[PDB]
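Here we start with a single chain on its own, the form deposited in one PDB entry, put down as structure tokens.
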């Protein structure tokens, strides 16, 4: 059963998301060009951040939070929301990512703005895994809102309230996926599991030079010892 409350809420989510996108002054897509490209992407991100602020203000429940927690929520989730939105715009065929519905970008374009391959591959890796899933726009809208309302982000002063406001969007995703693919039942938990790997991706962008990890291939000798 989609409740009338749900069915209206998802319409508001999807319309809020559309009304974001259709809202050019950006340095045109082309040393100078590799900088032009880099600044191109910088401005792509800048607009992205503002979209995500405007989407959020329209998520029932959001503007009811304390202003501090609103900000704390958006700080923490911007890069996860950017990632999810990019997966949303990933075209699996052309193997390309479409920004401002129109401009198309492949690995190579990103490498050529001088970008960290070590982070472009994860991006792409994420987009393809999301593709398998077959999300629609309601599903991403809903996944985003759930992602906005994470009680565990730093500087949340009212986590229990954040956590109560999350629940509406967890129920609606739960019902939407039960109606959409009723013979599956693991598509719901699989979507939510991407929020897990999505948190690890995110923490890699912001990694501190004093807390860099990555061991690579080679096995831990001492753990292997313990193993047999």
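Positions refer to the first chain, counted from 1. Rigid core (definition): largest C-alpha set, two forms, superposition within 1.5 Å.
What comes next is about the form solved in complex with a partner chain, which does not appear here.
Q: Examine residue 79 and determine whether its closest non-hydrogen atom to the partner chain in the entry with it bound is within 4.5 angstroms.
A: Looking in the entry with it bound, residue contacts with the partner chain do not include residue 79, since no heavy atom lies within 4.5 Å.
Q: Would residue 7 count as a contact of the partner chain in the entry with it bound, using a 4.5 angstroms cut-off between non-hydrogen atoms?
A: Because no heavy atom of residue 7 falls inside 4.5 Å of the partner chain in the entry with it bound, the answer is no.
Q: Find out whether any non-hydrogen atom of residue 75 is located within 4.5 angstroms of the partner chain in the entry with it bound, and reply yes or no.
A: Yes, residue 75 is a contact residue.
Q: For residue 44, is any heavy atom within 4.5 Å of the partner chain in the entry with it bound, or not?
A: Because no heavy atom of residue 44 falls inside 4.5 Å of the partner chain in the entry with it bound, the answer is no.
Q: Comparing between the shown form and the other one on the rigid core, is the C-alpha shift at residue 15 2 Å or larger?
A: No, the C-alpha moves less than 2 Å.
Q: On a rigid core superposition, would residue 36 pass a 2 Å threshold for CA movement between the shown form and the other one?
A: Yes, because once the rigid core is superposed, the C-alpha of residue 36 moves 2 Å or more between the shown form and the other one.
Q: Answer yes if the Cα of residue 101 shifts by 2 angstroms or more between the shown form and the other one on a rigid-core superposition, and no otherwise.
A: Moves: yes, 2 Å or greater.
Q: Did residue 208 and residue 129 drift closer or farther in the entry with it bound, going by a CA distance change of 3 angstroms or more?
A: Residue 208 and residue 129 sit closer together in the entry with it bound.
Q: Closer or farther: how do the CA atoms of residue 211 and residue 153 lie in the entry with it bound, compared with the form shown, if the change is at least 3 Å?
A: Note: Cα gap between residue 211 and residue 153 widens in the entry with it bound.
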